[PDB]
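Before any questions on how it binds or moves, here is one chain, the form deposited in one PDB entry, in structure tokens.
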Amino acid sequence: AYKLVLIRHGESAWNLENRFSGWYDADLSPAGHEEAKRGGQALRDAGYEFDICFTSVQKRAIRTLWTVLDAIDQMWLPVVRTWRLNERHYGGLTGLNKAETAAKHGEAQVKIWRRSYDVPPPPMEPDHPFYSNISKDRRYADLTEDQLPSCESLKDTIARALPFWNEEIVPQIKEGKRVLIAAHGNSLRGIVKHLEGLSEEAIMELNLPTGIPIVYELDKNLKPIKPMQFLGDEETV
């Protein structure tokens, strides 16, 4: 069985402020860095070896990957970065905390966005405080005008993440390369939804743990042979 490992990054600087990050490039907090260290040590203790790594273009995921590669002494591995593994774009909610979001948009709309698979948050418009910071960041300069989001539902995030899974990661797995993916909750949710054939309701009920190596065993058709498993001592899990 092919072996695939996923890791979701840990706590970020804006988690501490209860602020929606999305495509804002928030760094890990010291605690999120420590989580990545512990996940890397769990991989080292289990003897895991990789051949290629994939991550987003967001530093909280990239730094998680760097920390893991340092812990497992595989800093020399090829690394591929792609915006398609980015966190969901939270649109006009970017940079707001919970209270500001409730005050600006109302409890009704908040519950809609919270529980909906396919209703996006408001768009990030040119007067938004983070519009230039994100939409004019040169790391997205090669995206076409229809690819750069102003906002994303979970459905949207999964829709632009899965082409990268299908067209780049799958061929690598099929040639026997041992893949590590360090990314974000919602983009990894896309991968999990696809691997396991989950419903919209099922994937919205799925919260992946942070900082914990998530291990899949895949058959010749890249179908999981059993549920995802977690690495680390039992209490940390």
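Heads up: residue numbers just count along the shown sequence, starting at 1. Take the two forms, superpose them, and find the largest set of C-alpha atoms that agree within 1.5 Å; that set is the rigid core.
Quick note: we don't show the form deposited in another entry, though the next part is all about it.
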- C-alpha displacement of 2 Å or more between the shown form and the other one on the rigid core, among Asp118, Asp73, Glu145, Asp127: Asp127
- Message: Taking 2 Å as the cut-off, check whether the CA of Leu16 shifts that much or more between the shown form and the other one after a rigid core fit.
- Response: yes
- Regarding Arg189 and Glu17, go with closer or farther for their CA spacing in the other entry versus this form, the difference being 3 Å or more. closer
- Message: I want to verify one pair: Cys151 and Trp14. Are their C-alpha atoms nearer or more distant in the other entry compared with the form I supplied, knowing the change is 3 Å or more?
- Response: farther
